[PDB]
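S.K.: based on what follows, work out the 3D shape:
(2 chains, ligands or ions: 5)
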Amino acid sequence: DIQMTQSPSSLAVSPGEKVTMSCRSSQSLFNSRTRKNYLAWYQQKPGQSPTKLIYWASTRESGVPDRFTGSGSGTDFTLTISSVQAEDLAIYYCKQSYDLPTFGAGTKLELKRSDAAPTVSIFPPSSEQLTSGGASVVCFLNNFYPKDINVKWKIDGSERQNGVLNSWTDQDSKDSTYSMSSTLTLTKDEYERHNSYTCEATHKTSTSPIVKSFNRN
Amino acid sequence: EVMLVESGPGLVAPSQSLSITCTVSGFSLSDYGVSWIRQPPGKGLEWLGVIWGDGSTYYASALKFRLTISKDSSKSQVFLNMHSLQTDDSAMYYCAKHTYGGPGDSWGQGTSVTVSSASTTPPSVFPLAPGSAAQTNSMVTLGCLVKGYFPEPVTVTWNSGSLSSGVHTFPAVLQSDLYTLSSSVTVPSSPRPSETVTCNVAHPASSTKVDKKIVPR
Ligand SMILES: [Zn+2]
Ligand SMILES: [Zn+2]
Ligand SMILES: [Zn+2]
Ligand SMILES: [Zn+2]
Ligand SMILES: [Zn+2]
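M.R.: Numbers count the residues shown, from 1 in each chain, chains lettered A, B, ... in the order given. Ligands and ions are numbered 1, 2, ... in the order given. Provided below are the atomic coordinates:
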């Protein structure tokens, strides 16, 4: 069996720059008969299905821009993007076709931009969710950067740790930012015993964390 | 033109059979080969097998006698069949039009398949409307909380799609056998409440759909 080791795992770059990723096959993928190397590179943008960029180690597919360039022979190959643009945000995979197709672990290309503070919104549980015994308080942190941001929930001034679920959207390939959802799940019972509900978004972008909150009454 | 659409169950119990149909358009299955690739939740691509033009089939050694590929030229469909299912088989399944070596390689949108004992359950849709009188501004973010469903995925759009700018739909987080997701939309204060804002939730595994108009607190 052929094993494809890819690298780097993840790459961060600024629009206009150039990067390269390598794919090393456990054995030669060079076919003496057709004088070809059976290796292709695939691009998978957030939420879409993979698209082959290059076949036979260095042949751009129909419609792929010139900035994408693959090379190598035998066991070592690499992919290069001249000037990484925004729409290039995706995960790149290499596929060998010398024997029973095998895929690389993939290369995650991310974009780098300037710090951006999140736009925070807090939402108390809805009337209709209450009627079912549940009580979710939702907090949205939109369009921020960098990714690593923390969210602390405070019930009546006390930091609650239980019942919080967090979600990060893939990187937006338009403004290069992220967004995340924070949900504090409680029972209607405990929700109606307390009054002050707050969401704190401490991030690099600011020494004082962005705060938003409300009170049931 | 080429078109590949896969149709599958969505939820299948362990130790049960799995059948996925790939309907093709714009080409003959006798001239091109059709392979199956899978991708576990947040992981790399795994080539499963291929059905060639002359009819020959090849499979990945991993799932040796568990997977089978066949096709009906009359029906213009290819089928992936798997038995002795494992929860690891839970993944997004794709069929792709391929050739020996060269241009053409075009994938389908793929279908999500989860192997589990959990019983499929529809989502509850709660509206996330602003504090009422806590913060007026030019921008206003509304939300839609989708909780308690199984399996993935769920679909959310705002105003049947007419509103796709400034939308953030977060990935689902498994919350004890059930899934929870939320979507936010930011719009100008001129539109809401003036013009209407509704989120539309679709859960195909449960053949359900919910429209929830966001009304002022
Ligand atoms: Zn955004
Ligand atoms: Zn308490
Ligand atoms: Zn043959
Ligand atoms: Zn068997
Ligand atoms: Zn037939």
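S.K.: can you pull the contacts of the residue nearest to residue A:16 when sequence neighbours are not counted?
M.R.: Of all residues not flanking residue A:16 in the chain, residue A:83 sits nearest, at 5.1 Å (CB to CB, 6 or more residues apart in numbering or on different chains). For every residue, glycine as well, the C-beta is placed using N, CA and C. Shown in contact with residue A:83 (CB atoms under 8 Å, 6 or more residues apart in numbering or on different chains): A:15-18, A:67.
S.K.: and residue A:74, by the same measure?
M.R.: Residue A:74 touches A:28-30, A:37, counting by CB under 8 Å, 6+ apart.
S.K.: repeat that for 6 Å
M.R.: Residue A:74 is in contact with A:28, A:30, counting by CB atoms under 6 Å, 6 or more residues apart in numbering or on different chains.
S.K.: likewise for residue B:168?
M.R.: Applying CB under 6 Å, 6+ apart, the residues near residue B:168 are A:142, A:169, A:179, B:184.
S.K.: and it, how far from residue B:140?
M.R.: Distance of residue B:168 to residue B:140, given as CB to CB, to the nearest Å: 14 Å.
S.K.: got the contact list for residue A:117?
M.R.: Contact partners of residue A:117, counting by CB under 6 Å, 6+ apart, are A:205-206.
S.K.: can you report phi and psi for it?
M.R.: According to degrees, to the nearest 10, the main-chain angles of residue A:117 amount to phi -80, psi 140.
S.K.: which non-adjacent residue is nearest the residue most central in space within chain A?
M.R.: In chain A, the centroid-proximal residue (CA atoms, centre = their mean) is residue A:170; its distance is 3.7 Å. Spatial nearest neighbour of residue A:170, excluding adjacent residues (CB to CB, 6+ apart): residue A:46 at 3.8 Å.
S.K.: spell out which parts of chain B neighbour ligand 3.
M.R.: For chain B, the contact set with ligand 3 under CB under 5 Å from the ion comprises B:54, B:56.
S.K.: and the gap between the residue in chain B that ligand 1 sits nearest to and ligand 5?
M.R.: In chain B, the residue that lies nearest ligand 1 is residue B:168 (6.0 Å; CB to the ion). Residue B:168 sits 46 Å away from ligand 5, going by CB to the ion, to the nearest Å.
S.K.: helix or strand: which one has that residue?
M.R.: Assigned by DSSP states H and E, residue B:168 belongs to strand B:167-169.
S.K.: burial count for the closest residue to residue B:3 other than its chain neighbours?
M.R.: Closest residue in space to residue B:3, ignoring its immediate chain neighbours: residue B:25 at 3.7 Å, by CB to CB, 6+ apart. Number of residues near residue B:25 (other CB atoms under 10 Å in any protein chain shown) recorded here: 10.
S.K.: same check, this time on residue A:141
M.R.: 26.
S.K.: which bits of chain A sit near ligand 1?
M.R.: Applying CB under 5 Å from the ion, we find that chain A lies next to ligand 1 at A:143, A:172.
S.K.: ok, the residue of chain B positioned farthest from its centre to ligand 3 distance?
M.R.: Within chain B, residue B:133 marks the point farthest from the mean C-alpha position, 38.5 Å out by CA atoms, centre = their mean. According to CB to the ion, residue B:133 stands 73 Å off from ligand 3.
S.K.: so that residue, which state does it fall into?
M.R.: Using DSSP: H, G, I helix; E, B strand; the rest coil, the structure places residue B:133 in coil.
S.K.: residue A:198 - that's part of a helix, no?
M.R.: No: the assignment for residue A:198, made by three-state DSSP, is strand rather than a helix.
S.K.: burial of it, as a residue count?
M.R.: Residue A:198, neighbours per other CB under 10 Å, totals 21.
S.K.: where does the residue nearest to it when sequence neighbours are not counted sit: helix, strand or coil?
M.R.: Spatial nearest neighbour of residue A:198, chain neighbours left out: residue A:213 (3.2 Å); criterion: CB to CB, 6+ apart. Under three-state DSSP, residue A:213 falls in the strand class.
S.K.: now the farthest one out in chain A, which residue is it?
M.R.: Outermost in chain A, CA atoms, centre = their mean: residue A:33 at 41.1 Å.
S.K.: which one of the contacts of residue A:83 is nearest to ligand 1?
M.R.: Distances from ligand 1 to the contacts of residue A:83, taken by CB to the ion, are shortest for residue A:15, at 16.6 Å.
S.K.: residue contacts, that closest one?
M.R.: residue A:86.
S.K.: so how far is residue A:44 from it?
M.R.: Per CB to CB, residue A:15 is found 20 Å from residue A:44.
S.K.: which ones are touching the residue in chain A that ligand 5 sits nearest to?
M.R.: Residue nearest to ligand 5 within chain A: residue A:49 (27.5 Å; CB to the ion). By CB under 6 Å, 6+ apart, the contact list for residue A:49 reads B:94, B:107, B:109-110.
S.K.: and for residue B:109?
M.R.: If you count contacts by CB under 6 Å, 6+ apart, then residue B:109 has residue A:49 around it.
S.K.: I'd like the distance between it and ligand 3.
M.R.: The gap separating residue B:109 from ligand 3 is 29 Å, by CB to the ion.
S.K.: still on that earlier bit, next, the residue of chain A closest to ligand 5: secondary structure please.
M.R.: coil.
S.K.: just give the nearest non-adjacent residue to it, would you?
M.R.: residue B:107 (4.5 Å).
S.K.: give the bridge partners for the one you found, please.
M.R.: On the basis of DSSP bridges, residue B:107 is bridged to residue B:96.
S.K.: so it is in contact with residue B:96, correct?
M.R.: Yes: with contact defined as CB atoms under 6 Å, residue B:107 reaches residue B:96; the gap is 4.4 Å.
S.K.: on that earlier part again, how about the contacts of residue A:83 in CSV, adding secondary structure?
M.R.: Shown next, in CSV, are the contacts of residue A:83 (three-state DSSP):
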residue, secondary structure
A:15, coil
A:16, coil
A:17, coil
A:18, coil
A:67, coil
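S.K.: and which of these is nearest chain B?
M.R.: Closest to chain B out of the contacts of residue A:83 is residue A:67 (19.4 Å), distances taken as CB to the nearest CB.
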